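Remarks on the structure that follows.
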Amino acid sequence: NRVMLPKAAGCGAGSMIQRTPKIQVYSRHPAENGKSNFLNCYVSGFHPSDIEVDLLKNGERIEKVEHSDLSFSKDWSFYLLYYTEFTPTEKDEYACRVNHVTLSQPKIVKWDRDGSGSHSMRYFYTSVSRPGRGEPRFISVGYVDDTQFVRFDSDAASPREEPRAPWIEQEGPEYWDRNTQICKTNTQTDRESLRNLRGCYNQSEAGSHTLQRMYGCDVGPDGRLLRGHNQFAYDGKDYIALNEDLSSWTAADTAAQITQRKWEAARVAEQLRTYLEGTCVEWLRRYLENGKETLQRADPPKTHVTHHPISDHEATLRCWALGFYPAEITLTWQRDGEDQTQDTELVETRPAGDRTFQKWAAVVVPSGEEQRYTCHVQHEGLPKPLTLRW
């Protein structure tokens, strides 16, 4: 259940970070001809949020592709999963084509075939002005751990808080009407906040800017609050955050300090603390119980090692983790028991599309010395860490 958020203050009386997308193209399951599968293109770590993604087959654009609702990572960078059902063959070449302001031409990536008891609730808000093209777009999503359960999109035909997980559907009309109202109000707040922030930085009304907000709570196995959060970013960078004491603020610069003093005088922190200690944890406990059959089940990783020769003198060992939930995992390579921190390559953890996640860690090793390396796997669905070799 959401909370009403305060408005950023105007200043009366300067940097844009651009991150280019990471792109991973992969199937949900190990690919086997004839058997239907899912082709995924995961685009992550990008900023700003506008992006164009096509799945290609032998160079041709695939229609019907779906994608996830826009959300972002802890560093404020955005991620999206684009996916389609497909049946691979031997000589069909699949690819993902991505365009973004950081790319001087579209980038094509081919498909290369070769628990704990603690829980979190988060709401993620993205508001993007579009000068000359109407009002800002507002998209927000709610998660319990790594499971999305609501979305709101101000560009939907009828903007509403919408269910996105089966266990939320049982909530009555009061729940949907109330949280819709908070969204529609949080919409107009962020709209005035975008205007105020533009003025604080003397920015032109001709340019697009991004407001991102996150709040929610962490609970332990017994249901008690472990930590509350309420963060605010402008153009992909920290702006103002509620501190861990839920009673003071950290402001990034002199503009954000004006907002800090406004929220201090209005006692915003006290209102947020009341929400985080009460409503937030109370509804998180309720969701955990209503969805316990999926939300309180950790799926351990299915793990294996593959060998890919880099010529006849060295080779890549790749440690694979598949089908795990939640997403948090640690993969480490060791040589004679010592971690290969310097030489281990780690891809970003990526969604399978079926709620589970995937990751690999790779290290190049001297040929004939593969047997000295072991992959170490830590996941909350594993009673003990796993160790594997090639």
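FYI, the numbering just counts along the sequence from 1. Just so it is clear, the values below take in all heavy atoms, side chains as well, and ignore hydrogens, waters and symmetry mates.
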Original post:
Do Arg350 and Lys359 pass the side-chain contact (heavy atoms from CB on, under 4.5 Å) test, and can you show the C-alpha distance, the side-chain angles, and the key distance before you say yes or no?
Top reply: CA-CA 7 Å; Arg350 63 201 196 187; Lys359 194 183 192 76; over 6 Å; no
Looking at [Y], is its backbone amide N or carbonyl O close enough to the side chain of [X] to form a donor-acceptor pair, meaning the two atoms are under 3.5 Å apart?
X	Y	answer
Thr185	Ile182	no
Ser116	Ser118	yes
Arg164	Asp69	no
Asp222	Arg224	yes
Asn290	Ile168	no
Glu60	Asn58	no
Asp339	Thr344	no

Side chains of [X] and [Y]: closer than 4.5 Å at any heavy-atom pair?
X	Y	result
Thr189	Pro6	no
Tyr125	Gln212	no
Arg213	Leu5	yes
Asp50	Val101	no
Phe72	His47	no
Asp153	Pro159	no
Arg97	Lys107	no
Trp76	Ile17	no

Original post:
Could you walk me through whether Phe124 and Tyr143 pass the ring-ring contact (aromatic ring centres under 6.0 Å, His included) check?
Top reply: CA-CA 8 Å; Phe124 300 101; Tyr143 279 82; 5.8 Å; yes
Taking atom [atom1] as the centre, does [X] end up with more than 12 heavy-atom neighbours from other residues, nucleotides or ligands that are less than 6.0 angstrom away?
X	atom1	answer
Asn202	CG	no
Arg160	CZ	yes
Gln371	CD	yes
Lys262	NZ	yes
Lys237	NZ	yes

Original post:
Does NZ or CZ of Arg19 lie under 6.0 Å from the centre of the six-membered ring of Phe46, at an angle within 45° of the ring axis?
Top reply: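 Because its charged atom misses either the 6.0 Å distance or the 45° angle limit, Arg19 does not stack over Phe46.
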Do [X] and [Y] pair up side chain to side chain, a donor and an acceptor below 3.5 Å, judged on atom types alone?
X	Y	value
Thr250	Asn243	yes
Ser27	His29	no
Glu270	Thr274	no
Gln340	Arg335	no
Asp343	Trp333	no
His119	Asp145	yes

Original post:
Out of curiosity, does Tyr325 fall in the hydrophobic cluster containing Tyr79 (side-chain heavy atoms, cut-off under 4.5 Å, transitive links)?
Top reply: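 Different clusters: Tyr79 never reaches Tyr325 through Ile, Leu, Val, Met, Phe, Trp or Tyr contacts under 4.5 Å.
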Original post:
Taking a hydrophobic cluster as the set of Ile, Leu, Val, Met, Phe, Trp and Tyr residues connected by side-chain heavy atoms closer than 4.5 Å, whether directly or through intermediates, do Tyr239 and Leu194 fall within one such cluster?
Top reply: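 Same hydrophobic cluster.
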Subject >> Ring geometry between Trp111 and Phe86 (parallel below 30°, tilted from 30 to 60°, perpendicular above 60°) >> reply: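 Perpendicular.
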Original post:
Centroid-to-centroid, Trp167 to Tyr287, below 6.0 Å?
Top reply: yes
Original post:
Do the ring centers of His67 and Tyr83 come within less than 6.0 Å of each other?
Top reply: no
**OP:** Applying ring pair (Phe, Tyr, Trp, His ring centres under 6.0 Å) between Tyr123 and each of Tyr275, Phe152, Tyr215, report the one that passes.
**Re:**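 Of the listed options, the one satisfying the test is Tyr215.
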**OP:** Could you point out which residue of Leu226, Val219, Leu276, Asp218 forms a side-chain contact (heavy atoms from CB on, under 4.5 Å) with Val281?
**Re:** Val219
Original post:
Does the side-chain contact (heavy atoms from CB on, under 4.5 Å) test come out yes or no for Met121 and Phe149, once each step is laid out?
Top reply: CA-CA 10 Å; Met121 180 166 73; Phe149 70 103; 4.1 Å; yes
**OP:** Any chance you could lay out the ring-ring contact (aromatic ring centres under 6.0 Å, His included) test for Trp249 and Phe232, step after step, and finish with the verdict?
**Re:** CA-CA 11 Å; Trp249 303 91; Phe232 186 132; 9.7 Å; no
